[PDB]
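Accompanying notes for the structure given below.
FYI the Cβ positions are ideal-geometry reconstructions off the backbone, even for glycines, and counts take in every protein chain you see. Each answer follows from the model by the rule given with it, or from the source it names; no laboratory read-out is quoted.
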Amino acid sequence: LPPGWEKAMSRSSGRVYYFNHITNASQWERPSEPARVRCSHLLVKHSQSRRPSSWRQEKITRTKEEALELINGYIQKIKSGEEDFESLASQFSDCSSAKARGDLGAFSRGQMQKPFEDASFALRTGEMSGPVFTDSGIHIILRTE
């Protein structure tokens, strides 16, 4: 397995899957570094975020648990095809990059919060993370280049 990836079995079906403890991604297939990557993200903030406020809501009072439930709902919808990542980032992301469909542009190591940076650089091009926790809130990250 490449670094970051481990083998697991589904608790409901027993079937083997793979999970990445740096990005929190999980997938059924056995999976197998640049100066910069470009990512988009969708951030859902909660009451312990460093600044609990966004263009969506002046005072954010959801718990960290409620934020993760929202994140997991958006991941489901994106993986199902029912909604596009871009569409959910524009509507729901608690960051001003929502107005750019969640795009953050290209960045190097050194610029972003560290868990965000590590997950971004551990994703393959086109791959989406699972929930990624930072002091700003909980992210879904899409590596676009």
Unmet criterion (only one of (1) in a strand (DSSP E or B); (2) of a type outside the set (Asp, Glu); (3) in the same structural domain as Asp118 (by CATH)) for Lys7: (3)
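Is there a residue in the stretch 103-119 that is at positive phi and out of contact with any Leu (no Cβ under 6 Å at 6 or more places or on another chain)? Spell out the reasoning first.
To start, the set of residues in the stretch 103-119 that are at positive phi comprises 105, 110.
Narrowing the set further to residues that are out of contact with any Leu (no Cβ under 6 Å at 6 or more places or on another chain) leaves 105, 110.
Yes, that holds for at least one residue.
Suppose we keep only residues that are surrounded by fewer than 18 Cβ atoms within 10 Å (Cβ to Cβ) and of a type outside the set (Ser, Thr, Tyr) within the stretch 87-100. Which one would you say is farthest from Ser53 (Cα to Cα)? Outline the logic, then answer.
First, the residues of the stretch 87-100 that are surrounded by fewer than 18 Cβ atoms within 10 Å (Cβ to Cβ): 87, 90-91, 96, 99-100.
Then keep just the ones that are of a type outside the set (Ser, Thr, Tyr); that gives 91, 99-100.
Numbers: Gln91: 15, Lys99: 16, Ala100: 19 Å.
In this case the residue turns out to be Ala100.
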Residues located in the stretch 111-139, provided they are in contact with a helix residue (DSSP H, G or I) (Cβ under 6 Å, 6 or more places away or on another chain) and aliphatic (A, V, I, L, M): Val132, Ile138
Residue list for the stretch 10-46, restricted to those being outside the structural domain of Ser96 (by CATH), polar (S, T, N, Q) and outside any loop (DSSP other than H, G, I, E, B): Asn20, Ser26, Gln27
Hits in the stretch 53-70 (condition: crowded, with 18+ Cβ neighbours inside 10 Å and part of a loop (DSSP other than H, G, I, E, B)): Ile60, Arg62
Criterion violated by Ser49 - all others in (1) in contact with a helix residue (DSSP H, G or I) (Cβ under 8 Å, 6 or more places away or on another chain); (2) in a loop (DSSP other than H, G, I, E, B); (3) under 24 Å from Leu88 (Cβ atoms) satisfied: (1)
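Search the stretch 107-132 for residues being among the hydrophobic types (A, V, I, L, M, F, W, C) and out of contact with any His (no Cβ under 8 Å at 6 or more places or on another chain), and hand back the single one that is nearest to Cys95 (Cα to Cα).
Keep residues of the stretch 107-132 that are among the hydrophobic types (A, V, I, L, M, F, W, C), which gives 107, 112, 116, 119, 121-123, 128, 132.
Going one step further and asking which of them are out of contact with any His (no Cβ under 8 Å at 6 or more places or on another chain), we end up with 107, 112, 121-123, 128.
Numbers: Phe107: 17, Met112: 14, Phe121: 21, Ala122: 23, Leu123: 21, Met128: 18 Å.
Out of the qualifying residues, it is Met112.
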Close pairs from the stretch 130-145: first in a strand (DSSP E or B), partner surrounded by fewer than 24 Cβ atoms within 10 Å (Cβ to Cβ) and among the acidic types (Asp, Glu), Cβ under 6 Å, at least 6 apart: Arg143/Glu127
